[PDB]
Each structure stands twice: as C-alpha cells, then as structure tokens.
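Asker: I am attaching a structure below and will ask some questions about it afterwards.
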Amino acid sequence: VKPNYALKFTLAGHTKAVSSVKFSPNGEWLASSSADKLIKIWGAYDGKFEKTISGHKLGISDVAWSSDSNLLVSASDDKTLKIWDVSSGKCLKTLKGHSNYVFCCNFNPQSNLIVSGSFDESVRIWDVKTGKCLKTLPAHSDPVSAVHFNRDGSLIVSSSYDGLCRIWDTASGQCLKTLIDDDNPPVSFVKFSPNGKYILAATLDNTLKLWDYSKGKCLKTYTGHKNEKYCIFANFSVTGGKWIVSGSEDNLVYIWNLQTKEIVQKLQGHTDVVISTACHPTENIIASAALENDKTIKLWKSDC
Ligand SMILES: O=C(NCc1cccc(-c2cn3c(n2)CCC3)c1)c1ccccc1
C-alpha cells in the first residue's frame, strides 16, 4: 500500500525562511516559526491564516505545543525560549539561561516541563509555571540539534553534531544511554516513536535510522533523500499507513514505508530545502515548510 498525498493548500506570509511547523494536539491548528522572528497560526484543515505572534528579538528555530493546545514554546537565536498563551498572544514567560542560540524545544506530555537544546551544547529542562531552569545537562560536545520527551515524559532523547544520540532520565538528569553505530556522522534530528519503543535519528550522510533504544541497536535504515547540510525534521505517520516522513535538500517531501524502507511517495512543489514536516494527529495530513528561497508552508492530504 502507498499513500496518495496531494497538495491542497499553500500558506504564504512569512517573509524569511520557515523553521518549524507543528500541528496542535487537538488537530485544529498549525503553528509555524520563521527566521523572520514570527510565529504564525493557521487553520489545520483549510490553511486559513489566523494570527501572528511576535516578541523574539532574532529568528526562531523551533516551536512546540502544550498538550492542551493552549500554549506554545518557541526557541530563538536571541538565546531565549518564550512561552505563549495562544488565544491572547501574550508572552507568559521568557526562559533565560542558554549562552548561545536555542535550536530545539518541546513540552513533556504533562506539559509542566519544557526541554531545550542549544548551540551552547547543553540540554536544559525548564518549569513551565515558574519559567525557571531546573536542570542543565552537559549533554554533548557540539551544538544540540534536537530534543524530545517520550510518551510518559520519563525520558528525553537528544542529538548533536558530535554524532551521538543520548537518552536522559528526566527526573534525575542522568545519562541513561549513548547510542552509536558503526560510525558517528553528525546527528541532525531525533525523536521517539509514539509508543516510545523506538528512536528515529537523522544523520548528515543522507540517512535516517530507526533504533531500538532499549537494546541499543539499529533496526531500519531509510535512504534516497538528500540531507548533508541542514537539520531537517522527520516524523512517524500513524493515522493511516505506517510511514516515515522527512523533508529533503532536493526540495521534496519523502515518505517511506516504515517496515520495508522503500520510498512510497515524493511530494513535489517546494522551491527550496524542505526543512520541516509535521503529521496531523488524527487525519492523513502532512504540513511541510521550506527555507529562504521558498518561504511557504504546504498542506498535503491523502485518503490513506
Ligand atoms: O540546519 C540548519 N539551518 C536550517 C534550519 C533553520 C531554522 C530551524 C532549523 C531546525 C530546528 N530544529 C531542526 N531544524 C531539527 C530539530 C529542531 C534548521 C543549520 C544552521 C547553523 C549550523 C548548522 C545547521
């Protein structure tokens, strides 16, 4: 079986490269962040522009939703994260502590915590309600490219240009695992599978790998796309067929069969690197976004 994703809407409005798009957990909204220092909110189903959220002093590299879909956190080159109340647009808290660009962020499922990763090579864990940093983890020896909580928030996974993926105990901050295969090219993205059994890791040798974390072994490898320079988001698609989804430096969205690792679709339309993809939580919808020469977000829909 293959999906049949087809372009439905193109969302224009950012005036510089888009950085990261994310669907709200309740399925109603898409948030985007950009090098233009703005967050924008769009309807998930119709692509209709809703509102702009502003306040960072420099470009934004990542954005993430709270579990109740009411808050956003953003990660900026201005070395801060901000927590936003989406309905009012108010910045609730500015999270200060990183000493260089903040590149990646996420809420835990309970959404009482935020995890962040930075060019300062650290991973930080923040309290949402106080805005204070609870822990600084000496996570890596190069910039941190991604951070993600597992399904019950007990674990954090991080990746770095140092070629490592590491698993952290949220409560204690201790490093539980370092994953390394036969080589250690820069790791440009990582996230847990929905069931929390696996980890999907991208490396800058045009490769994605599915790891059994607990046993510390690689199970699957996905190739055919181009990824040697940029930190591109990747996803598990689980609403229909079971796919791996990623952007690519040849301006396409790639979709693989998770099991057989074969490419099942390549989505054409963007005019620059597809830096970010996201999968809708209940419908077969993909959002994609591209860098400076394109500036648009695209919504694609499949019947399976
Ligand atoms: O990937 C890069 N730039 C493209 C870009 C721009 C804005 C956001 C992102 C981004 C954020 N996150 C990711 N990519 C993966 C997980 C979090 C990348 C990059 C920038 C400086 C040195 C090495 C690589």
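The way I read the labels, and the way they are meant: chains A, B, ... in the order of the structure tokens, residue 1 as the first residue of every chain, and ligand 1 as the first ligand shown, with later ones counted on from there.
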Can I get the residues of chain A within 9 Å of ligand 1, each with the closest pair of atoms and their distance in Å to one decimal, using only C-alpha atoms and all ligand atoms, sorted chain first then ascending number, as a tab-separated table?

Answerer:
residue	atom	partner	partner_atom_place_in_ligand_line	distance
A:17	CA	ligand 1	6 (C)	7.3
A:18	CA	ligand 1	7 (C)	6.9
A:19	CA	ligand 1	7 (C)	4.0
A:20	CA	ligand 1	8 (C)	6.2
A:33	CA	ligand 1	8 (C)	8.4
A:34	CA	ligand 1	7 (C)	7.0
A:35	CA	ligand 1	7 (C)	6.7
A:59	CA	ligand 1	7 (C)	8.0
A:60	CA	ligand 1	7 (C)	6.8
A:61	CA	ligand 1	8 (C)	3.7
A:62	CA	ligand 1	11 (C)	5.2
A:63	CA	ligand 1	17 (C)	8.7
A:75	CA	ligand 1	11 (C)	8.6
A:102	CA	ligand 1	11 (C)	8.9
A:103	CA	ligand 1	11 (C)	5.2
A:104	CA	ligand 1	17 (C)	4.2
A:105	CA	ligand 1	17 (C)	7.1
A:117	CA	ligand 1	17 (C)	8.4
A:119	CA	ligand 1	22 (C)	8.7
A:143	CA	ligand 1	22 (C)	8.4
A:144	CA	ligand 1	17 (C)	8.7
A:145	CA	ligand 1	16 (C)	5.5
A:146	CA	ligand 1	16 (C)	4.4
A:147	CA	ligand 1	16 (C)	7.2
A:159	CA	ligand 1	16 (C)	9.0
A:161	CA	ligand 1	23 (C)	8.5
A:188	CA	ligand 1	15 (C)	6.3
A:189	CA	ligand 1	15 (C)	5.0
A:190	CA	ligand 1	16 (C)	7.3
A:191	CA	ligand 1	16 (C)	8.9
A:229	CA	ligand 1	24 (C)	6.2
A:230	CA	ligand 1	1 (O)	3.6
A:231	CA	ligand 1	1 (O)	3.8
A:232	CA	ligand 1	14 (N)	5.0
A:233	CA	ligand 1	15 (C)	4.8
A:234	CA	ligand 1	15 (C)	8.1
A:273	CA	ligand 1	4 (C)	8.9
A:275	CA	ligand 1	18 (C)	6.2
A:276	CA	ligand 1	14 (N)	7.1
A:291	CA	ligand 1	6 (C)	7.4

Asker: Can those selected residues be exported to a file as a short mmCIF file (atom, residue, chain, number, x, y, z; two decimals), in the first residue's frame so that it contains C-alpha atoms?

Answerer:
data_model
loop_
_atom_site.label_atom_id
_atom_site.label_comp_id
_atom_site.auth_asym_id
_atom_site.auth_seq_id
_atom_site.Cartn_x
_atom_site.Cartn_y
_atom_site.Cartn_z
CA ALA A 17 12.84 31.05 5.76
CA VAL A 18 10.35 28.95 7.67
CA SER A 19 11.96 26.97 10.50
CA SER A 20 9.41 24.63 12.04
CA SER A 33 8.01 29.70 13.18
CA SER A 34 10.48 31.53 10.98
CA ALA A 35 13.77 33.33 10.55
CA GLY A 59 14.95 34.44 14.31
CA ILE A 60 13.04 31.46 15.70
CA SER A 61 14.31 27.93 15.06
CA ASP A 62 11.59 25.81 16.69
CA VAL A 63 8.11 25.91 18.18
CA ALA A 75 13.29 28.62 20.63
CA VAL A 102 18.36 27.90 21.21
CA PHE A 103 17.69 25.45 18.36
CA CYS A 104 15.06 22.97 19.54
CA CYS A 105 12.25 22.69 22.09
CA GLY A 117 18.72 22.26 23.16
CA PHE A 119 24.41 25.73 20.24
CA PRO A 143 25.56 22.01 19.14
CA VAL A 144 22.38 20.16 20.11
CA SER A 145 20.18 19.56 17.06
CA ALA A 146 17.06 18.08 18.69
CA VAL A 147 15.33 17.22 21.98
CA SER A 159 21.04 14.56 19.34
CA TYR A 161 26.66 17.24 15.63
CA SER A 188 20.75 16.34 12.83
CA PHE A 189 17.44 15.18 14.28
CA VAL A 190 15.97 12.67 16.71
CA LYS A 191 12.55 11.81 18.17
CA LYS A 229 23.81 20.21 5.45
CA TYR A 230 20.59 21.04 7.29
CA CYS A 231 18.80 19.78 10.38
CA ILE A 232 15.56 18.52 8.88
CA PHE A 233 12.57 17.42 10.96
CA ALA A 234 11.29 13.87 10.43
CA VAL A 273 15.03 22.89 1.02
CA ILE A 275 13.36 21.89 6.45
CA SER A 276 10.26 20.86 8.40
CA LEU A 291 13.84 27.73 3.52
#

Asker: Any idea what's packed within 8 Å of residue A:121, counting only C-alpha atoms, ignoring anything in its chain fewer than 5 positions away? Could you give it as a ChimeraX atom specification?

Answerer: /A:138-144

Asker: What residues in stretch 22-264 of chain A get the DSSP label strand (DSSP E or B)? Please answer as an MDAnalysis selection string.

Answerer: chainID A and resid 22:23 29:34 39:43 49:53 60:65 71:76 80:85 91:96 102:107 113:118 123:127 133:137 144:149 155:160 165:169 175:179 187:192 198:203 207:212 217:222 234:237 243:246 253:257 263:264

Asker: Calculated over only C-alpha atoms, which of the candidates A:50, A:303, A:36, A:169 has the smallest distance to residue A:283?

Answerer: A:303

Asker: Which neighbours of stretch 194-208 of chain A fall inside 7 Å, counting only C-alpha atoms, when residues of the same chain fewer than 4 positions from it are skipped, and could you give them as a ChimeraX atom specification?

Answerer: /A:150-151,185-190,212-213,221-223,225-229

Asker: Please, could you write that set of residues out with N, CA, C and O atoms as a PDB file, in the first residue's frame?

Answerer:
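The file below, selection-v2.pdb, is the result:
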ATOM      1  N   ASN A 150       9.742  11.239  25.672  1.00  0.00           N
ATOM      2  CA  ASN A 150       8.961  10.056  25.340  1.00  0.00           C
ATOM      3  C   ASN A 150       7.516  10.177  25.848  1.00  0.00           C
ATOM      4  O   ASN A 150       7.115  11.208  26.395  1.00  0.00           O
ATOM      5  N   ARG A 151       6.744   9.115  25.669  1.00  0.00           N
ATOM      6  CA  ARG A 151       5.293   9.182  25.831  1.00  0.00           C
ATOM      7  C   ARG A 151       4.809   9.502  27.253  1.00  0.00           C
ATOM      8  O   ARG A 151       3.722  10.052  27.422  1.00  0.00           O
ATOM      9  N   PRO A 185      28.590  10.085  12.076  1.00  0.00           N
ATOM     10  CA  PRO A 185      28.307  11.357  11.397  1.00  0.00           C
ATOM     11  C   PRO A 185      27.407  12.257  12.248  1.00  0.00           C
ATOM     12  O   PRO A 185      26.695  11.746  13.120  1.00  0.00           O
ATOM     13  N   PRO A 186      27.428  13.577  12.005  1.00  0.00           N
ATOM     14  CA  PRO A 186      26.556  14.478  12.759  1.00  0.00           C
ATOM     15  C   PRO A 186      25.110  14.006  12.772  1.00  0.00           C
ATOM     16  O   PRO A 186      24.575  13.678  11.710  1.00  0.00           O
ATOM     17  N   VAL A 187      24.505  13.961  13.952  1.00  0.00           N
ATOM     18  CA  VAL A 187      23.092  13.636  14.072  1.00  0.00           C
ATOM     19  C   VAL A 187      22.306  14.935  14.075  1.00  0.00           C
ATOM     20  O   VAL A 187      22.511  15.794  14.935  1.00  0.00           O
ATOM     21  N   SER A 188      21.420  15.076  13.092  1.00  0.00           N
ATOM     22  CA  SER A 188      20.753  16.342  12.829  1.00  0.00           C
ATOM     23  C   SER A 188      19.316  16.386  13.316  1.00  0.00           C
ATOM     24  O   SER A 188      18.688  17.439  13.295  1.00  0.00           O
ATOM     25  N   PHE A 189      18.783  15.244  13.725  1.00  0.00           N
ATOM     26  CA  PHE A 189      17.435  15.181  14.278  1.00  0.00           C
ATOM     27  C   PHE A 189      17.210  13.855  14.989  1.00  0.00           C
ATOM     28  O   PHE A 189      17.760  12.836  14.579  1.00  0.00           O
ATOM     29  N   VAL A 190      16.377  13.884  16.026  1.00  0.00           N
ATOM     30  CA  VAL A 190      15.972  12.674  16.714  1.00  0.00           C
ATOM     31  C   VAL A 190      14.593  12.865  17.357  1.00  0.00           C
ATOM     32  O   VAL A 190      14.247  13.971  17.776  1.00  0.00           O
ATOM     33  N   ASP A 212      16.068   0.605  18.071  1.00  0.00           N
ATOM     34  CA  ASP A 212      15.519   0.086  19.307  1.00  0.00           C
ATOM     35  C   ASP A 212      16.435   0.631  20.382  1.00  0.00           C
ATOM     36  O   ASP A 212      17.579   0.201  20.503  1.00  0.00           O
ATOM     37  N   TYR A 213      15.892   1.580  21.137  1.00  0.00           N
ATOM     38  CA  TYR A 213      16.615   2.327  22.152  1.00  0.00           C
ATOM     39  C   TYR A 213      17.078   1.432  23.290  1.00  0.00           C
ATOM     40  O   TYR A 213      18.231   1.475  23.697  1.00  0.00           O
ATOM     41  N   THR A 221      16.874   1.323   8.197  1.00  0.00           N
ATOM     42  CA  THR A 221      17.594   2.421   7.562  1.00  0.00           C
ATOM     43  C   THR A 221      16.781   2.970   6.381  1.00  0.00           C
ATOM     44  O   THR A 221      16.279   2.201   5.562  1.00  0.00           O
ATOM     45  N   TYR A 222      16.649   4.291   6.292  1.00  0.00           N
ATOM     46  CA  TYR A 222      15.911   4.913   5.193  1.00  0.00           C
ATOM     47  C   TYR A 222      16.818   5.843   4.406  1.00  0.00           C
ATOM     48  O   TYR A 222      17.459   6.722   4.985  1.00  0.00           O
ATOM     49  N   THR A 223      16.875   5.650   3.089  1.00  0.00           N
ATOM     50  CA  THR A 223      17.722   6.479   2.233  1.00  0.00           C
ATOM     51  C   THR A 223      17.018   6.873   0.938  1.00  0.00           C
ATOM     52  O   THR A 223      15.872   6.489   0.692  1.00  0.00           O
ATOM     53  N   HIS A 225      16.864  10.198  -0.068  1.00  0.00           N
ATOM     54  CA  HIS A 225      16.701  11.640   0.025  1.00  0.00           C
ATOM     55  C   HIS A 225      18.061  12.318   0.118  1.00  0.00           C
ATOM     56  O   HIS A 225      19.096  11.647   0.164  1.00  0.00           O
ATOM     57  N   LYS A 226      18.063  13.644   0.155  1.00  0.00           N
ATOM     58  CA  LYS A 226      19.312  14.382   0.294  1.00  0.00           C
ATOM     59  C   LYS A 226      19.348  15.143   1.613  1.00  0.00           C
ATOM     60  O   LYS A 226      18.473  15.949   1.906  1.00  0.00           O
ATOM     61  N   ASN A 227      20.369  14.870   2.419  1.00  0.00           N
ATOM     62  CA  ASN A 227      20.479  15.525   3.713  1.00  0.00           C
ATOM     63  C   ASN A 227      21.924  15.511   4.178  1.00  0.00           C
ATOM     64  O   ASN A 227      22.364  14.576   4.853  1.00  0.00           O
ATOM     65  N   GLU A 228      22.663  16.551   3.804  1.00  0.00           N
ATOM     66  CA  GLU A 228      24.076  16.644   4.156  1.00  0.00           C
ATOM     67  C   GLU A 228      24.430  17.949   4.859  1.00  0.00           C
ATOM     68  O   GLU A 228      25.576  18.125   5.283  1.00  0.00           O
ATOM     69  N   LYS A 229      23.483  18.878   4.949  1.00  0.00           N
ATOM     70  CA  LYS A 229      23.813  20.207   5.453  1.00  0.00           C
ATOM     71  C   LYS A 229      22.871  20.730   6.537  1.00  0.00           C
ATOM     72  O   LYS A 229      23.310  21.402   7.472  1.00  0.00           O
TER      73      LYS A 229
END

Asker: Can you tell me, as an mmCIF file with N, CA, C and O atoms, in the first residue's frame, what residues are no more than 6 Å from stretch 249-259 of chain A when counting only C-alpha atoms, ignoring any on the same chain fewer than 4 positions away?

Answerer:
data_model
loop_
_atom_site.group_PDB
_atom_site.id
_atom_site.type_symbol
_atom_site.label_atom_id
_atom_site.label_comp_id
_atom_site.auth_asym_id
_atom_site.auth_seq_id
_atom_site.Cartn_x
_atom_site.Cartn_y
_atom_site.Cartn_z
ATOM 1 N N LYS A 226 18.063 13.644 0.155
ATOM 2 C CA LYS A 226 19.312 14.382 0.294
ATOM 3 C C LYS A 226 19.348 15.143 1.613
ATOM 4 O O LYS A 226 18.473 15.949 1.906
ATOM 5 N N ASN A 227 20.369 14.870 2.419
ATOM 6 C CA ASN A 227 20.479 15.525 3.713
ATOM 7 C C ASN A 227 21.924 15.511 4.178
ATOM 8 O O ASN A 227 22.364 14.576 4.853
ATOM 9 N N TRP A 243 4.099 5.210 8.055
ATOM 10 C CA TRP A 243 5.167 5.793 7.248
ATOM 11 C C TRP A 243 6.243 6.515 8.054
ATOM 12 O O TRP A 243 6.046 6.884 9.213
ATOM 13 N N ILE A 244 7.385 6.723 7.408
ATOM 14 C CA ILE A 244 8.368 7.702 7.858
ATOM 15 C C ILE A 244 8.317 8.885 6.887
ATOM 16 O O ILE A 244 8.292 8.694 5.672
ATOM 17 N N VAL A 245 8.257 10.100 7.426
ATOM 18 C CA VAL A 245 8.152 11.315 6.627
ATOM 19 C C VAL A 245 9.310 12.244 6.931
ATOM 20 O O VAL A 245 9.623 12.473 8.095
ATOM 21 N N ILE A 263 10.828 3.869 -0.568
ATOM 22 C CA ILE A 263 10.140 5.128 -0.786
ATOM 23 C C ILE A 263 8.781 4.851 -1.414
ATOM 24 O O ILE A 263 8.685 4.134 -2.417
ATOM 25 N N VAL A 264 7.729 5.396 -0.817
ATOM 26 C CA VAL A 264 6.389 5.165 -1.332
ATOM 27 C C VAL A 264 5.806 6.437 -1.953
ATOM 28 O O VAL A 264 4.857 6.366 -2.736
ATOM 29 N N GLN A 265 6.367 7.598 -1.621
ATOM 30 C CA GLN A 265 5.952 8.831 -2.293
ATOM 31 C C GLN A 265 6.986 9.947 -2.165
ATOM 32 O O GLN A 265 7.682 10.042 -1.159
ATOM 33 N N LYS A 266 7.071 10.792 -3.191
ATOM 34 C CA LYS A 266 7.869 12.017 -3.128
ATOM 35 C C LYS A 266 7.008 13.219 -3.524
ATOM 36 O O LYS A 266 6.522 13.287 -4.657
ATOM 37 N N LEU A 267 6.812 14.159 -2.599
ATOM 38 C CA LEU A 267 5.905 15.278 -2.837
ATOM 39 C C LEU A 267 6.643 16.466 -3.454
ATOM 40 O O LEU A 267 7.590 17.004 -2.868
ATOM 41 N N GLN A 268 6.198 16.869 -4.642
ATOM 42 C CA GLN A 268 6.817 17.956 -5.391
ATOM 43 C C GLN A 268 6.007 19.245 -5.283
ATOM 44 O O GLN A 268 4.777 19.220 -5.351
ATOM 45 N N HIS A 270 7.712 22.446 -3.487
ATOM 46 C CA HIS A 270 8.561 23.466 -2.905
ATOM 47 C C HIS A 270 9.708 23.865 -3.820
ATOM 48 O O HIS A 270 10.080 23.119 -4.729
ATOM 49 N N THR A 271 10.257 25.053 -3.581
ATOM 50 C CA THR A 271 11.304 25.601 -4.439
ATOM 51 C C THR A 271 12.610 25.813 -3.674
ATOM 52 O O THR A 271 13.559 26.384 -4.206
ATOM 53 N N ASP A 272 12.642 25.359 -2.423
ATOM 54 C CA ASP A 272 13.877 25.365 -1.632
ATOM 55 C C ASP A 272 13.843 24.177 -0.675
ATOM 56 O O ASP A 272 12.866 23.435 -0.635
ATOM 57 N N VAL A 273 14.921 23.992 0.079
ATOM 58 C CA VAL A 273 15.028 22.886 1.024
ATOM 59 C C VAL A 273 13.800 22.756 1.921
ATOM 60 O O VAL A 273 13.353 23.737 2.499
ATOM 61 N N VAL A 274 13.249 21.552 2.012
ATOM 62 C CA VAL A 274 12.130 21.307 2.910
ATOM 63 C C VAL A 274 12.691 20.986 4.294
ATOM 64 O O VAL A 274 13.135 19.863 4.571
#

Asker: Measuring atom to atom with only C-alpha atoms, identify which of A:107, A:45, A:2, A:237 is nearest to residue A:67.

Answerer: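 Among the listed residues, A:107 lies closest to residue A:67.
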
Asker: Return the single residue from A:171, A:91, A:86, A:279 that is closest to residue A:55, with distances computed using only C-alpha atoms.

Answerer: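 The answer is A:91, which sits nearest to residue A:55.
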
Asker: Rank A:126, A:149, A:5, A:49 by their smallest atom-to-atom distance to residue A:286, using only C-alpha atoms, and report the top residue only.

Answerer: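 Ranking A:126, A:149, A:5, A:49 by distance to residue A:286, first place goes to A:5.
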
Asker: Fewer than 4 positions away in the same chain doesn't count, so skip those; otherwise give me all residues within 7 Å of residue A:24, counting only C-alpha atoms, as a list in words.

Answerer: residues 28, 29, 30, 65 and 69 of chain A

Asker: So what do you get for atom CA of residue A:90 versus atom CA of residue A:68, distance-wise?

Answerer: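 These two atoms are separated by 16.7 Å.
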
Asker: Would you please work out which residue, of A:210, A:156, A:133, A:92, is nearest to residue A:109 when using only C-alpha atoms?

Answerer: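 Answer, going by the shortest atom-to-atom distance: A:156.
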
Asker: Which residues are close to residue A:120, i.e. within 7 Å by only C-alpha atoms, leaving aside same-chain residues fewer than 3 positions away? Reply as a list in words.

Answerer: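 Using only C-alpha atoms, the neighbours found are residues 98, 99, 100 and 143 of chain A.
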
Asker: What would the file look like if the residues just selected were written as a compact mmCIF listing (two decimals), in the first residue's frame with N, CA, C and O atoms?

Answerer:
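Everything below was put into selection.txt:
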# COMPACT_ATOMS: atom_id res chain seq x y z
N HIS A 98 20.45 29.79 28.44
CA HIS A 98 21.36 29.34 27.40
C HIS A 98 22.31 30.47 27.03
O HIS A 98 21.93 31.65 27.10
N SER A 99 23.53 30.13 26.63
CA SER A 99 24.52 31.14 26.32
C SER A 99 24.75 31.27 24.82
O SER A 99 25.67 31.97 24.39
N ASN A 100 23.93 30.59 24.03
CA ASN A 100 24.01 30.68 22.58
C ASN A 100 22.64 30.38 22.01
O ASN A 100 21.71 30.14 22.79
N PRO A 143 26.94 21.54 19.04
CA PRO A 143 25.56 22.01 19.14
C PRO A 143 24.52 20.90 19.18
O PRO A 143 24.66 19.87 18.50
